[PDB]
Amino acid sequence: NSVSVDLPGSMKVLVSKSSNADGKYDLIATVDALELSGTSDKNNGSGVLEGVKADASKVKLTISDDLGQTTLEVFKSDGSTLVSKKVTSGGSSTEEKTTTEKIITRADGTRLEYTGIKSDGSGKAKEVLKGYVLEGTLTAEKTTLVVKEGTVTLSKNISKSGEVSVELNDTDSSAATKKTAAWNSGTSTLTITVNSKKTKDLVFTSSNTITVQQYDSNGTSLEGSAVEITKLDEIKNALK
C-alpha cells in the first residue's frame, strides 16, 4: 500500500500511495520512539507531522518540499514555546536546545550553581562553600556532589525537596581498609567504619559546613572535639 521515503537525518516517512477525498496524502513516521503523523498536498513525502510524547509537549517534524531538509521541532506542553530544534540538510545538521542556568545563593554566602540544565532536569552542579567547592551533577530526581579519594567516593545528595543525605562507597577489597558508612537523618551525621571499628563522624551542619570527629581506637565513643572542615583536602583526608 503505502510507499516509504528516506529523509535527511536517517529518518523515514511513510506516504500513502493514493490520495484521499480531500486531495491530500497521509504522512506517518516514528522519530526516536514516538509516532508522528499528518497530511500534505504532495506525494513525494514532504509536509508536516505532529505528535506528543509522555509529557504533553508537542513535536513537529517538517519535511521540506524537495526533501532536502528536515526540521524537527519540540515545544512545551502548550505547543507554544520551543525546547529543541534540529535542522538537517545535505549531510549537515544544526541542533538548538533551550537550556537553563540557576544560581541559588544562601543567607550565609554559600551557593549552589547549576549550568546546562536540559528539558530532562540534567545538568552540571556545584556547591560553592567556604574555602572549597563540591562539583557534581543533577538529574530530575536529585543533585549529587562527589568527592573521591583513592578507592572511596563520597556522594552528597540533595533531594528535590532540598533534603540532604550523604553516602560513601569504597570499592576496596581488603576488609582491613574498606570503608562503610551509615547516615542518620536525625543528626545530619555520617559514621564511617573500617575493619569493624568506627573511625569518623562527619557532621553536615545547618550552616552548610562539615565537622569531622574521630572515635577512639576501640571504635566505642568519640575523642577530642569536632574540627570544622576548611578545604577539600581535609575532606579527602577524612576519606582516607
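In this text, residue numbers run from 1 along the sequence as written.
Visitor: Quick one: higher average CA temperature factor, 182-190 or 28-36?
Guide: It is 28-36.
Visitor: Should the higher mean CA B-factor in the entry be assigned to 76-84 or to 105-113?
Guide: Higher mean C-alpha B-factor: 76-84.
Visitor: Would you check the entry's CA temperature factor for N208 and let me know if it's in the chain's lowest, middle or highest third?
Guide: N208: CA B-factor falls in the lowest third of its chain.
Visitor: By the recorded C-alpha temperature factor, relative to the other modelled residues in its chain, which third is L202 in?
Guide: It belongs to the lowest third of the chain when residues are ordered by C-alpha B-factor.
Visitor: Per the entry's values, where does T230 land by CA temperature factor relative to the rest of its chain, in the lowest, middle or highest third?
Guide: Lowest third of the chain for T230's C-alpha B-factor.
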